[PDB]
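Before any comments, here is the structure.
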Amino acid sequence: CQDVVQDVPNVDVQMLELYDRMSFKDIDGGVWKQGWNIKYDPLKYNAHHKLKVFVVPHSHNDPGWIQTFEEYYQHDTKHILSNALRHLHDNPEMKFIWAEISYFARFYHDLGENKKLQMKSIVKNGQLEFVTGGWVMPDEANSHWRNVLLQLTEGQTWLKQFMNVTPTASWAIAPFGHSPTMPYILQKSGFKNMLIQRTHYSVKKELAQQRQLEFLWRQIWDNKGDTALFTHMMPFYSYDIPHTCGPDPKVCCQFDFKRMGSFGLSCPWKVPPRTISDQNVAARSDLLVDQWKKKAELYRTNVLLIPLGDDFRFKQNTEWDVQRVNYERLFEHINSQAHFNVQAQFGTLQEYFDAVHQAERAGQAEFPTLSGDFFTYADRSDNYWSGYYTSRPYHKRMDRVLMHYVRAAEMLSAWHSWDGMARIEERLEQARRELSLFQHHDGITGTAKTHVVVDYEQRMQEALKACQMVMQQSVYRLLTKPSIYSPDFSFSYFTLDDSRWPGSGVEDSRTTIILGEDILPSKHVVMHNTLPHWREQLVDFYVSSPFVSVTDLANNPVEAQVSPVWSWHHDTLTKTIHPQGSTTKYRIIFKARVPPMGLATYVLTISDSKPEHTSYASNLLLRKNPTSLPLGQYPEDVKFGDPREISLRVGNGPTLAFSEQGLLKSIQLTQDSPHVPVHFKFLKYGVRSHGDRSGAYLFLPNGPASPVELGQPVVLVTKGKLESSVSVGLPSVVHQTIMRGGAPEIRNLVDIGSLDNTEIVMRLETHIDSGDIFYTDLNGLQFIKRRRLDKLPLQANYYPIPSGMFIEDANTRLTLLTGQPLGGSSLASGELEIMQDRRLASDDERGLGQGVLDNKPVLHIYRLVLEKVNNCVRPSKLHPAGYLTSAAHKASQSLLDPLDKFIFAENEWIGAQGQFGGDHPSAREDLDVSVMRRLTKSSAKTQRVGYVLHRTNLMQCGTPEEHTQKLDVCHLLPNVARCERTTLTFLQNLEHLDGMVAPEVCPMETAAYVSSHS
Ligand SMILES: CC(=O)N[C@@H]1[C@@H](O)[C@H](O[C@@H]2O[C@H](CO[C@H]3O[C@H](CO[C@H]4O[C@H](CO)[C@@H](O)[C@H](O)[C@@H]4O)[C@@H](O)[C@H](O[C@H]4O[C@H](CO)[C@@H](O)[C@H](O)[C@@H]4O)[C@@H]3O)[C@@H](O)[C@H](O[C@H]3O[C@H](CO)[C@@H](O)[C@H](O)[C@@H]3O[C@@H]3O[C@H](CO)[C@@H](O)[C@H](O)[C@H]3NC(C)=O)[C@@H]2O)[C@@H](CO)O[C@@H]1O
Ligand SMILES: *[C@@H]1O[C@H](CO)[C@@H](O)[C@H](O)[C@H]1NC(C)=O
Ligand SMILES: [Zn+2]
C-alpha cells in the first residue's frame, strides 16, 4: 500500500500552494472581464496543423429548482427529449449530450416501443451521448461521498440495463465549486475524463495563463498518481453560449441563434444574432473563428471544445432548426476556406476527449498534474458562494439521516432473497432514487424555491418510510425461528425509534413503550449495528413508567439509567425559555452491545418499585425565579439553584466545566491534567445595507459576527451514572452538551424564528496555537488542509463542513464532528466556527428570485473531541492532507451511522431470537462496509451481492490496537461460487479473485466486490 502520511506528492499545481501565491486581484481584463486580451499567432495553424473544433450541443436540466422535478418534466424536459429524438433521428450529423438520468429514465419509460427503438438507435450510433450518467448532476460541497456514489450507480445501472452504455466522460458544468471526491469516485468507476466549470475566476485566470486548464487531477495524498483523472476546466464565467465560444461575450452571443427575438431572448451586449446567409457568412465566420482561435490559446492541443447550450435549451423544434441550420452554414464555409485552417463539426464530449488524447499520444502535448479542491467558488468580485454550505439546514440534516437508513435497509434485507410479494426491491429503489435526486445541486444545497424544497422533503419522508418498512421486515425474518416465521409483508412488526431525527423539540414522533400491571409486563427491543465491528453504544427509549429494568436475551440484567423527558418551551407569557418535565413518560438508557453487521435483542420489564439494576438521574434547574417541576412517579425530586458554574464527569472520562450560562468553558482530559480552555459561544452575522446582499447562495456578511445577547438563560443539569447533560435555552438555540464517558455530544435545537437578515454561528474558542491553519473534510471522505487568507474576505475563508473540522498545534487538537453538512471556518488562531442557520430577506441575483424565509426548527448534532497529539505520527508541514485519530473517527461514525433501534409492535413475539451476526468477523476499526446490496432478484439461479469497502486512514499515536479478524466480504453469505472485484457501481468486473477471497483495501482506498452464490 501507498503511504498516505509521509510522502508529500510532487504535483505541478497544488491548490493550497497556488492559493498562498495568488494575489486574487479583480481587475477589468477587457471584453473577457476576468481575463486579458488574448493574442494568437495567425501562422500557428496551417494545412499540416489544423484546429479541430467540436461544437457540443447540450441542455442543462435541473431536477427541481424553481419548479419541481415533475413540473419541469411536464413543462420543459419531456419536450426537450421528444424533440431531441425527432431532430437527431432526422439529422444524422447532429449531436447532443445528456447528463440527468432521473429525467431520461422517466421519459424513456413512458415512450412507446417504436420510439424506444428509435432512441436506442441514436444512442448506439453515437448521436446522443450520455455524459456522467448519474441520476443527477450532484452538489460537490455538502454531499456525502456515499450518496455521490449512490446517485451515480442509480443512473448508470439504468443506462446499462436499458441503453447498454456506461459513460466514461463526466460533465459537471453547474455545481458551485468542485471536489476531488468526484475524480476519486469516477476513476474507480471506469471513467477516463471529466469536465468542470464553476471555479473561482482568479483560478481560471491563473491556470489559463499557464495553459493548465487541462490537468491530471490526483488525490492530495497520492504520491504515485494512480488516482489521477484527466480533467478539463472551462475557462470563462459561464457555460452559456455567450461564454463558451471565446473570450468576448458580445461576439459569442451573436452565435446563439435563439436570441433573435421570437423566442423572447436577447443579447445583453446589444448586438443580436443574424441569420447566416451567403452574403454574411464570410464576415460571420471571420468573427467566430477569431473567437475560437483565442479560446484555443488557453489550451495545449489543436483540438477545441465548444459547448453549445444553456438551461432547458432545445425545447422547441424551431430552436433545434435555428441552431443547427446556422451552424451548418458556418461549418460549410469555414471548412472549405483553407486560410482558416479549421475543421469544425458537431461532436460529443467523448469525441472531444478521444481527439485530445490522440494529440497527446502523437506527442503534441504534455499535461500538468494537479491536486487540491476548488472551494470556495466566487463567480465575480467578492461574491463567494459559501452561503449554500448552510442554506436549508433541516434538509441537509435529513440527507444524512436518509443516507444511513438507505444503507441499513439495503444491508438488513441483503441477507435473504425476498419474494416479489414482499416489495423489498420496489421500496429500496424508491428510497435510493429519492435520496439520489436530493444530491442535485439545487437540492441538498438549499438553493430551491420553497415549494420545491417541500417536494424534496415529501420525497425523502416517503423514502424514510420505505426504509423503515424494509428494515423491520428484515429484523423480523432474521430473529424469528424459521419454522415459526409467518410474514405479512404489509404489517409493521417493529417500529423504528430514532432519538435524533426529527428530534426532541422538532417533532413529537417517538412511540412510548407502554407497560403496566394491567396491560403489558414487558417489551422486546432490537438494535442493529451496520458497522463491521462489535459496537457498544448507549441507547434510549421512552417508557411509561420509571420502574423499568433491562435484560439481555440470556435474561442477564443490564445496568440502566432512567431520566425524565424534558421539553423546552418558549413561554410567550413569562418571556422565558424553560424546560417542562413529563409526569407520565420517562427515558430509559442502557448500553447495547451489538455484533458486527448484526442484531441484539433486549427486554424491558416493569416492576412496582425501583429495580436493582436501574439508577435515576438527578436534575438541577438553575435560574432566578424557579417554579416547581413535578415528575410523577420519578423517584428523585428536581433541585433548584441560582445560576452558577458547574463541573461534570461521567465514568472515567473527561471533566467538563460550564459557565453560569450553561456553555462549555473547559475540558480536563484526566484527573491530573490541565483544565484546557474550550469555550462555546453563539454569535450572529448580519447583511449589508448597501451593495450586494446575502441570499441562498452567497454569504456577504456586514463584518465579523457579534455576540448573541444571552440575558439570564435557564440551565438544566441532569446527572446520571451512565449519562449526564447540561442544557440551556438561549435565544434561537436550545444548546445541549451530553456526556456518556468519552467525547461529549453537542445538540443544538435551532429555531431562528423571525430573526430577519441573520446568520447564527456557533464558535469554539481555544488557546490552541493553530495560527492560520485548519482542516475540513471533503464529502466525508478526506480531510484537507485549509489556510485562512487575510487577503481574501471573511466569506472566502468559509468552507463546507460536510462531516468535520479540526485545528491543532504541536500538542493539542480540537475536532468537531458533524451530523449534517454546514459551513464553517477558523477565522482566528485557536477558533473553530460552524454556521447553524441563516434567514435572509433578499435575493442574491443568482436566479432563485427569493430570499430564505422558510426556516424551521432543526436538531443539529455534533461530537467534540479534544486530544493530545504530541505523540501522533503526522504528515509533514508541506503535506496538503490531515487525518483523524481513532477517537474522532469513531465519534464521526456515532453521528452518521448510529445503532438502529426497533420496538416490537405486538404484545408477544413468538419464536424470538437473541442475536444475529455473532459469527460475523469484527474488522479493523479503519475499515467500513459502506454498501452491502443484493444485486439479483429471487428468480436468479446465481445470486449476487455487492459490497463497497472503504478504508480510511487514522493517525498512529501509540495505541497498540490488537486482535481484529480479516473481513472477507465474499464469504459473508454461504455457498460462494465466485468473487469479483468490480467498479464501484458494480457494473464491470475488473478481477476474478482466487480462492473467492476479497482482499482488504489499502488506507484511503475504496474497492467493490461482488460475490456470487449457488
Ligand atoms: C430565466 C431567465 O430568462 N433568466 C434571465 C437571467 O438569466 C438574466 O440574469 C442573468 O443571469 C445570468 C445567469 O444565467 C444563467 O443561470 C441561470 C440560473 O440557473 C442556473 O444557475 C443557478 C446558480 O446561479 C443554479 O442554481 C441552477 O441549477 C442553474 O444551473 C439560468 O436561469 C439562466 O438560463 C436561463 O436564461 C437564459 C437567458 O438569460 C436562457 O438562455 C436559458 O435557456 C434559461 O432560460 C442561465 O443559465 C448571470 O450570469 C447574469 O449576471 C451577469 O449579468 C448582470 C447584468 O444582467 C451583471 O450585473 C452581473 O455582474 C453578471 O455580469 C457578468 O459578469 C461576468 C464577470 O464580470 C462577465 O464575464 C459577464 O460577461 C457579465 N454578463 C453580463 C450580461 O454583463 C444575470 O444575473 C436576466 C438578464 O437581465 O434575465 C432573466 O431573468
Ligand atoms: C451491448 O454493448 C456491447 C459492447 O458495448 C455489445 O457487444 C453488445 O452487442 C450490446 N448488446 C446489445 C445490442 O444490447
Ligand atoms: Zn442547474
Side-chain angles (χ1 to χ4, degrees), residues 1-17 144-146 148-149 179-189 215-229 369-373 773-787 802-808 813 815 817 865 867 869 871-893 923-930 948-959 961 964 966-967 981 984 999-1008:
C1 298
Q2 285 206 86
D3 189 322
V4 306
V5 176
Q6 305 190 90
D7 292 320
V8 179
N10 175 36
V11 291
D12 297 306
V13 180
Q14 207 302 303
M15 292 301 299
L16 188 71
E17 191 279 338
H144 199 282
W145 77 265
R146 283 149 63 181
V148 174
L149 176 57
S179 174
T181 293
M182 301 309 286
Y184 178 91
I185 292 170
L186 296 171
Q187 190 274 330
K188 285 167 165 54
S189 302
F215 48 87
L216 290 160
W217 195 355
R218 71 172 64 181
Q219 302 304 123
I220 55 182
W221 68 81
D222 178 13
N223 222 283
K224 196 167 183 287
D226 300 324
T227 67
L229 193 64
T369 57
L370 182 150
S371 77
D373 72 346
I773 300 302
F774 60 108
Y775 294 79
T776 64
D777 77 304
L778 289 163
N779 313 273
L781 183 61
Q782 54 182 290
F783 283 77
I784 187 164
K785 195 178 171 178
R786 307 302 194 177
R787 179 179 289 107
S803 77
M805 62 189 313
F806 65 87
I807 50 165
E808 65 180 9
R813 181 186 282 189
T815 305
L817 297 311
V865 186
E867 312 168 284
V869 289
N871 286 316
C872 295
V873 179
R874 281 182 282 180
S876 82
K877 295 168 84 76
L878 297 177
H879 202 289
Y883 299 99
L884 292 188
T885 58
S886 165
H889 178 244
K890 285 193 177 290
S892 180
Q893 294 184 310
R924 195 164 185 252
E925 62 176 349
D926 58 357
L927 188 61
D928 197 15
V929 175
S930 305
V948 175
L949 275 268
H950 183 250
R951 191 171 167 191
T952 193
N953 184 75
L954 306 174
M955 293 204 293
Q956 294 182 289
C957 307
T959 314
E961 281 163 358
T964 55
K966 291 287 165 66
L967 173 67
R981 198 184 315 254
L984 297 187
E1000 287 182 357
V1001 308
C1002 289
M1004 300 304 290
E1005 167 178 43
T1006 306

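Keep in mind that the numbers below use all heavy atoms, side chains included, and drop hydrogens, waters and symmetry copies. Throughout, numbering of the chain's residues begins at 1 and tracks the sequence.
Checked against salt bridge (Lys or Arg N to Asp or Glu O under 4.0 Å), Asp926 has the following partners two or more places apart in sequence or in another chain: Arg924, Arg951. Contacts of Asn953 classified as side chain to side chain donor-acceptor pair (under 3.5 Å), with partners at least two apart in sequence or in another chain: none. Listed by chain and residue number, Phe806 satisfy the ring-ring contact (aromatic ring centres under 6.0 Å, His included) test with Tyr775 (two or more places apart in sequence, or in another chain). For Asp12, the side chain to side chain donor-acceptor pair (under 3.5 Å) criterion is met by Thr369, not counting sequence neighbours. Judged as a salt bridge (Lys or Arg N to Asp or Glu O under 4.0 Å), and not counting sequence neighbours, the contacts of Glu808 are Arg813, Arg874. Applying the side chain to side chain donor-acceptor pair (under 3.5 Å) rule to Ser892 yields no partners; only residues at least two apart in sequence or on another chain are considered. Applying the salt bridge (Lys or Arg N to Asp or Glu O under 4.0 Å) test to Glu17 and every residue at least two apart in sequence or in another chain returns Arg21. Take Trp221 and apply the ring-ring contact (aromatic ring centres under 6.0 Å, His included) test, not counting sequence neighbours, and it matches no residue. Residues satisfying the side-chain contact (heavy atoms from CB on, under 4.5 Å) criterion with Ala923, sequence neighbours excluded, are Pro532, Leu927, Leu967. Legend: residues meeting salt bridge (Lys or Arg N to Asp or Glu O under 4.0 Å) with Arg218, ordered by chain and number and at least two apart, are absent. Partners of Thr227 by side chain to side chain donor-acceptor pair (under 3.5 Å), not counting sequence neighbours, listed by chain and number: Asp222.
Residues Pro180 and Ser371 fail the side-chain proximity criterion, which asks for heavy atoms closer than 4.5 Å. Here the side chains of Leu817 and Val865 are in contact, with some heavy-atom distance below 4.5 Å. In this structure the side chain of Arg981 reaches within 4.5 angstrom of the side chain of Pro999, judged on heavy atoms. For the pair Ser930 and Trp145, the minimum side-chain heavy-atom distance is below 4.5 Å. Side-chain contact between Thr1006 and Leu984 is present, with at least one heavy-atom pair separated by less than 4.5 Å. Looking at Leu949 and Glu1000, their side chains never come closer than 4.5 Å, going by heavy atoms from C-beta outward. By the 4.5 Å heavy-atom criterion applied to side chains, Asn223 and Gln2 are counted as neighbours.
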Cut-off 3.5 Å, no hydrogens considered: what does the side-chain donor-acceptor table look like for residues 779-787, sequence neighbours left out?
residue	atom	partner	partner atom	Å
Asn779	OD1	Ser143	OG	3.3
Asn779	ND2	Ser179	OG	2.7
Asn779	ND2	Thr181	OG1	2.8
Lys785	NZ	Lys877	O	2.8
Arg786	NE	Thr776	OG1	2.9
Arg786	NH1	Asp373	OD1	3.2
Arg786	NH1	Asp373	OD2	2.8
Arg786	NH2	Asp373	OD2	2.8

After noting the C-alpha distance and the side-chain angles of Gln14 and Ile220, does the key distance pass the side chain to side chain contact (heavy atoms under 4.5 Å, CB included) rule? CA-CA 8 Å; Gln14 207 302 303; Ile220 55 182; 4.1 Å; yes

Should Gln219 and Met1004 be marked as a side chain to side chain contact (heavy atoms under 4.5 Å, CB included) after you check the CA-CA gap, both sets of side-chain angles, and the distance that decides it? CA-CA 10 Å; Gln219 302 304 123; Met1004 300 304 290; over 6 Å; no

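Nearest heavy-atom pair across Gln187 and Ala228 is CG-O, 3.8 Å. For the residue pair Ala888 and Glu867, the shortest heavy atom distance occurs at N-OE2, 4.3 Å. Between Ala881 and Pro875 the shortest heavy-atom distance is O-CG, 3.8 Å.
In this structure, NE2 in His144 is found 5.5 Å from OG in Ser803, a value given to the nearest 0.5 Å. Going from atom CH2 of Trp217 over to atom CG of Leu370 covers 7.5 Å, rounded to the nearest 0.5 Å. In this structure, CG on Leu16 lies 12.0 Å from NE2 on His879, to the nearest 0.5 angstrom. Between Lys188 atom NZ and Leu149 atom CG the span is 11.5 Å, to the nearest 0.5 Å. To the nearest 0.5 angstrom, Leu954 atom CG is 9.0 Å from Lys890 atom NZ.
In terms of modelled atom types and a separation under 3.5 Å, the side chain of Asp777 and the main chain of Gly804 share a donor-acceptor contact.
Shown here is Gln956, whose CD atom has no more than 12 heavy atoms of other residues, nucleotides or ligands within 6.0 Å.
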